[PDB]
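Residue numbers (the authors' numbering): 0 to 95. Using N, Cα and C, we set each Cβ at its ideal position, and we do this for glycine too. Here the structure is laid out as structure tokens; the discussion comes afterwards.
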Ligand SMILES: [Mg+2]
């Protein structure tokens, strides 16, 4: 339903790639999933990460953008780009 939040994750590490799709119901559940992704990226290293979140309003897209900017900064990415398509925010990070 439209109460759901959709999360798309692409973790691409010099040819070792992974793709995840999640449906989360609250900001709290979104944060749970993002913290698991951070755990994985910190342990394994990922050269490129792209996370897209389809929020429920345009204001919530910006709220989730702020969460993602902080995630990517905490993970140490050196090229971080935030884009919006409707209510969907995408953030892509790379080490170079
Ligand atoms: Mg879990």
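Report the residue from the options whose alpha carbon sits nearest the alpha carbon of residue i.
i: residue 72; options: 41, 22, 8; result: 41
i: residue 20; options: 93, 47, 33; result: 33
i: residue 15; options: 48, 91, 59, 2; result: 48
i: residue 2; options: 55, 93, 62; result: 55
i: residue 61; options: 94, 93, 89, 12; result: 89
i: residue 30; options: 87, 92, 64; result: 64
Mind checking which residues open and close the beta strand (DSSP E) that includes residue i?
i: residue 12; result: 4–12
i: residue 26; result: Where residue 26 is concerned, there is no enclosing beta strand (DSSP E), although the alpha helix (DSSP H) it sits in stretches over 26–43.
Quick check: is any heavy atom of ligand 1 less than 8 angstroms from the C-beta of residue i?
i: residue 41; result: no
i: residue 8; result: no
i: residue 35; result: yes
i: residue 62; result: no
i: residue 48; result: no
i: residue 32; result: yes
For a test of your reading of the model: does the CB of residue i fall under 8 angstroms from any non-hydrogen atom of ligand 3? Yes or no.
i: residue 60; result: This structure does not include ligand 3; its bound ligands are ligand 1.
For the alpha helix (DSSP H) that contains residue i, what are its first and last residues?
i: residue 51; result: Per DSSP, residue 51 belongs to no alpha helix (DSSP H); it is in the beta strand (DSSP E), 47–53.
i: residue 91; result: That residue, residue 91, is in no alpha helix (DSSP H); its beta strand (DSSP E) goes 87–93.
i: residue 0; result: Note, residue 0: premise wrong, no alpha helix (DSSP H); not H, not E.
Contact the stretch 66–83 vs the stretch 48–58: 3+ CB pairs below 8 angstroms: yes
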